[PDB]
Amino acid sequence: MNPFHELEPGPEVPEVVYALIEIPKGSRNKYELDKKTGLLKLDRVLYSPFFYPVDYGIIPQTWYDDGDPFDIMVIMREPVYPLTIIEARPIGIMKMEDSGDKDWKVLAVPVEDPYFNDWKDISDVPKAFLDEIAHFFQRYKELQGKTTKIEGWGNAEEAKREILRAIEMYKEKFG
């Protein structure tokens, strides 16, 4: 059973989506879902001593402009295990390009951690934290010779619009 295809995008789209976590915060190993089987697979070991600053995964039943499931980053105090489902509230979106591809990523908080009850938009996140995430994506592939361009951060409304676009793109590609 491939979780990417089997799970709905969320219980109350786009206000609450499912995040299917692939990479826990603190990992230098970059995991992805095997397309065929839906098992966790090692994509690569990051070439530099950086760690994922957030729990990182995908939204089920989405497709994006870069030809992959739509990425989501969830701020967790204690990281989860790979292949864990988290009910997440989108609060913003990171706009970036990776080798000419649109590789934007939703930023979200868990609905069921009261610590984040008042985080509802991109302005609620400490600025240094947004910078640390952006810097990670700016440099994590530098030793692989890849250039990424960070364009900036969009707000919750923009994140939600993009989620709806990605849901539609999945329906068209696979429907």
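Residue indices: 1-based, along the sequence shown.
Enquirer: Look up the CA B-factors in the entry and say which stretch, 147-155 or 12-20, has the higher mean.
Expert: Between 12-20 and 147-155, it is 147-155.
Enquirer: Return whichever of 31-39 and 129-137 has the greater mean Cα B factor according to the PDB record.
Expert: Mean B over CA atoms: larger for 31-39.
Enquirer: Which of these has the highest Cα B-factor in the record: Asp71, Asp101, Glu78, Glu87?
Expert: The record points to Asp101.
Enquirer: Relative to the other modelled residues in the chain, which third contains the C-alpha temperature factor of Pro60: lowest, middle or highest?
Expert: Middle third - that is where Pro60 ends up once the chain's C-alpha B-factors are sorted.
Enquirer: Using the B-factor values recorded in the entry, state whether the Cα atom of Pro53 falls in the lowest, middle or highest third among the modelled residues of its chain.
Expert: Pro53: CA B-factor falls in the lowest third of its chain.
Enquirer: Once the chain's modelled residues are ordered by C-alpha B factor and cut into thirds, is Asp121 in the lowest, middle or highest one?
Expert: Its C-alpha B-factor, which the entry lists for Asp121, ranks in the middle third among residues of this chain.
Enquirer: What third of the chain does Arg165 rank in for C-alpha temperature factor, lowest, middle or highest?
Expert: Highest third of the chain for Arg165's C-alpha B-factor.
Enquirer: Among all modelled residues of this chain, ranked by Cα B factor, put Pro114 in the bottom, middle or top third, i.e. lowest, middle or highest.
Expert: For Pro114, the deposited C-alpha B-factor lands in the middle third.
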